[PDB]
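Here's a solo chain for you in structure tokens, the form deposited in one PDB entry.
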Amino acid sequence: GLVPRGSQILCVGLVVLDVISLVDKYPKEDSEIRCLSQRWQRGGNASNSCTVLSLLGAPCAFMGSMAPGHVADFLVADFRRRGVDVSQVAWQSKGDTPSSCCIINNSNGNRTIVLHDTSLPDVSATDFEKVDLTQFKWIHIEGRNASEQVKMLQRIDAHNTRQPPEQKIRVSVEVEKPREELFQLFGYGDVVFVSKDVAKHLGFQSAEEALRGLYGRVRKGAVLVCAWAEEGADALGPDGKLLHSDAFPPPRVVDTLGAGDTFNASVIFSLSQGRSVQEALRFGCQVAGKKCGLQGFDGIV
């Protein structure tokens, strides 16, 4: 159906089906055991942010790769259950739709993971070329396949080059795997999210060390953003002023999985409503804090 011009936030990245099994003890190889409970969850960075943006009330769409099959079917039904627009999915003729097996040991909390395979092709610059941008007010890009996503960021530059500032598409970018290739993305986007995990791998020991240490890599005008779990979040604009907001503990921690994706989506949401970076950092921390003390995304409002 019809989507008004400049109304949606698009997130480009991975979606994955996570099968999550709760067990008594860790299974010894070659055994047949009952679990305590099992969940199928839609997962992936761009995937969760879309969920959040919908709960938060933004019209939103997801672009990532799927393969026709029963796994897609479930994934697409969960997306749709959360109000996400999937009209831009990149259906692939080759490969498996990503699925992961996660096993959680009850008596200790340990999480073991068999990660999804690498059979399916990522979204590509030509795939992306085929997309009429006018619907989007904001596009956000999970960092995965760097050299291609670069062409897409360049496409969005082009488009923008020719629009009145009030019809310009804002861009955000996320670097979250400690992978050499990803670092070029730093130079793109109006907003750049970097993760505790990545920043540590580059040697920095805190948001402040990371922002000040990496801001030299961001394109002029950009806001560089970093969250540090219970130590809060920071942000660094072109004016050089290091911003900060403390965390917000929930009455008690229940599920941290996906909180970074909640933080990103919330910051993006706030900035898109024209709030100030400081107000965004704040909001970010508030909603991610609330998520942590909840199971999945249901109660975040």
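We call the rigid core whatever largest set of C-alpha positions still superposes within 1.5 Å between the two forms. Residues that one form lacks are left out of the comparison. Quick note: we count residues from 1 along the sequence shown, nothing fancier.
Although it is not shown, the form deposited in another entry is what the next lines describe.
- Core-based superposition between the shown form and the other one leaves all of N160, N106, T134, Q184 but one with CA shifts under 2 Å; the exception is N106.
- After superposition on the rigid core, displacement of the C-alpha of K241 between the shown form and the other one stays below 2 Å.
- Superposed on the core, the two forms barely differ at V277: its CA moves less than 2 Å between the shown form and the other one.
- Residue displacement note: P59 has its CA displaced by under 2 Å between the shown form and the other one (rigid core superposed).
- If you compare C-alpha positions, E32 and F74 are 3 angstroms or more farther apart in that other deposited form than in the form on display.
- Taken over residues common to both forms, the rigid core alignment between the shown form and the other one yields 20 to 38, 101 to 114 as runs of three or more consecutive residues whose Cα atoms shift by 2 Å or more.
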